[PDB]
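[1] Structure here, sequence nowhere to be found:
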């Protein structure tokens, strides 16, 4: 309520790529990229794995952020 | 989730 939540959770996803990636996961529609990236993956580039646990988690909480939280 |  006084700051963000998964936002920085992504801010930490190695600024290299996993960062802007995980952001992608919980940034675009709940399935805008979470899918095209966590579904039709060819060789698991990077945002799909990072942002897959980061996008899925974002969902788990964002829906009813109250219990524990995954990535 | 993390990549490094």
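    Received, thanks. Residues are numbered from 1 along each chain as shown, chains lettered A, B, ... in the order given.
[2] SS state for the closest residue in space to residue A:47 that isn't next to it in sequence?
    Once flanking residues are discounted, residue A:47 sits nearest to residue A:21: 2.8 Å by Cβ to Cβ, 6 or more residues apart in numbering or on different chains. For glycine as for every other residue, the C-beta is placed from the backbone atoms N, C-alpha and C. Secondary structure, DSSP: H, G, I helix; E, B strand; the rest coil: residue A:21 is helix.
[3] Near residue A:21, how many other residues are there?
    27 (other Cβ atoms under 10 Å in any protein chain shown).
[4] Who are the contact partners of it?
    Contacts for residue A:21 (Cβ atoms under 8 Å, 6 or more residues apart in numbering or on different chains) come out as A:13, A:37, A:46, A:47, A:48, A:50, A:51, A:54, B:3.
[5] The longest helix along chain A packs against which elements?
    Across chain A, the longest stretch assigned as helix under DSSP state H is helix A:47-64. On a contact count with 3 or more Cβ pairs under 8 Å, 6 or more residues apart in numbering or on different chains; DSSP states H and E, helix A:47-64 meets helix A:6-11, helix A:18-27, helix A:34-38.
[6] Quick one: distance of the second one to the chain centre.
    In other words, helix A:18-27. Distance, stretch centre to chain centre, for helix A:18-27: 5 Å (Cα atoms, centre = their mean, to the nearest Å).
[7] now that helix against helix A:47-64, angle please.
    Angle between the axes of helix A:18-27 and helix A:47-64 is 40 degrees (criterion: axes from the mean of the first three to the mean of the last three Cα atoms, to 10 degrees).
[8] Buried ones in helix A:18-27, by neighbour count?
    In terms of neighbour count (16 or more other Cβ atoms under 10 Å in any protein chain shown), helix A:18-27 has its buried residues at A:18, A:19, A:20, A:21, A:22, A:23, A:24, A:25, A:26, A:27.
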